[PDB]
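Everything on this sheet refers to the single structure shown next.
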Amino acid sequence: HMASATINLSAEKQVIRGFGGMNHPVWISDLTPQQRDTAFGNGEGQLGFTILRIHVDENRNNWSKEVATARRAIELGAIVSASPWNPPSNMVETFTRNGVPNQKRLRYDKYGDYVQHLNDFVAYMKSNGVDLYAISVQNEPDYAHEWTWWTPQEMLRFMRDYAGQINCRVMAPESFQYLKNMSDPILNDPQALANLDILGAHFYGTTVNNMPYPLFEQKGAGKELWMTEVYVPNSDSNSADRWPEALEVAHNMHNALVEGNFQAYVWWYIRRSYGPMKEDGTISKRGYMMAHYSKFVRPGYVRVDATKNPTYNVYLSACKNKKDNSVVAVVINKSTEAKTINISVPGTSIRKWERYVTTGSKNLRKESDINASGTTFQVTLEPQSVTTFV
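Position one of the sequence shown corresponds to residue -3 (the deposited numbering), numbered consecutively onward.
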């Protein structure tokens, strides 16, 4: 009868870097002081985010707007990465792309000037107490109808010949859909690869079959792998509490971690009516989905091999804390029926798991402890739920 899963604590996969979202105090309102605490603290009623993404404004007169939120995030334990949408206008030119005129690209004679712009941003933020973890070449170079386009070859030239001059970790290429044609040239060129620090990708329309990346398994030693922007399954206004729709967020995170080996998962706007924090500053259902990972799977934990889909509609991931060999398992049950799983964790000394459960009617509710029979933990997952075992 009963479905089984095995967590193999000896089969280490990616080290987790963290989870978070975007602040954009030029396009929308900045996080307020209270919201910064809710986002980046890990106390009760807080999301436990450990990554803040910000934008690099084309107008340096806007850079000061980023500082208060970025400082507070770092103070609360987060790291900060920054992505540009456009270069300063004096470095851009127009061209026609696939018959559409007036599209923007970085002038070929301004690649060095663009390095200086990025370095100026890094230095400004450093002077203001914000030591950026990484800076990106371009947000969505391959979906730039409303910003600056880069072909795979333009991105390659920059990565190969210019990016080594950036005074920070370099992130690229942030394809809108993790399209490998944007990143393959970087990985296949030794100098471009040397100048890369973080392979960044977005997940808009990315299917599970497109989440593995064999070339990155081959060439990515010492590089980090970050999913730096998504919202799922939509950006509908006032959607963040929709249930069971919100389960798609947990499922997408599961997929990023287990199918994509991603070390970081970063939402779009943190505070938004379709985001993890609602406009009233409280956590949405979509936010609790994130929290099932972010509050528990802390930076430096390592994902381990575990049966990922032990029965239909059930999805399992597991990460280990190397300081004490404890484990955090996040288990999604999308079924309308309860599901009982026997989870084997050979070689663990752990004998008790605590658990926190979210459904349509409760958020991170602490439910009864699981007691192991030897190294096997039998669990029954409520319908349409997420459970974190710790």
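Every residue, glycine too, gets a C-beta built ideally from N, C-alpha and C.
Of the candidates 159, 239, 225 and 300, the residue whose Cα lies closest to the Cα of residue 266 is 225. Contact between residue 372 and residue 345 is absent: CB atoms are separated by about 14 Å, not below the 8 Å threshold.
Shown here for residue 313: same chain residues with a beta carbon closer than 6 Å to its own, the five before and five after excluded, namely 250, 253, 254 and 326 in chain order. Under DSSP, residue 59 takes part in no beta bridge, so it has no partner.
Comparing alpha-carbon positions, the option among 218, 183, 187 and 70 lying closest to residue 209 turns out to be 183. Looking only at 96, 106, 0 and 69, the smallest Cα-Cα distance to residue 86 is reached by 106. Within the same chain, Cβ atoms closer than 6 Å to the Cβ of residue 231 are found at 270, the five residues on either side in sequence being excluded. A direct Cα-to-Cα measurement between residue 165 and residue -1 gives close to 44 Å.
With fewer than 16 other Cβ atoms from the protein chains shown falling within 10 Å of its own Cβ, residue 40 counts as exposed. A Cβ-Cβ separation of about 7 Å places residue 121 in contact with residue 66 under the 8 Å criterion. Note that the stretch 296 to 308 does not touch the stretch 43 to 54; fewer than 3 beta-carbon pairs, one per stretch, sit closer than 8 Å. One Cα belongs to residue 329, the other to residue 244, and the distance between them is close to 11 Å.
Out of 96, 84, 95 and 116, the CA that lies nearest to the CA of residue 103 is found in 84.
Taking all protein chains shown into account, residue 24 has fewer than 16 neighbouring C-beta atoms within 10 Å of its C-beta and is therefore exposed. Leaving aside the five residues that flank residue 2 on each side, the residues in its chain whose CB is nearer than 8 Å to its CB run, in chain order, 302, 303, 339, 340, 341 and 342.
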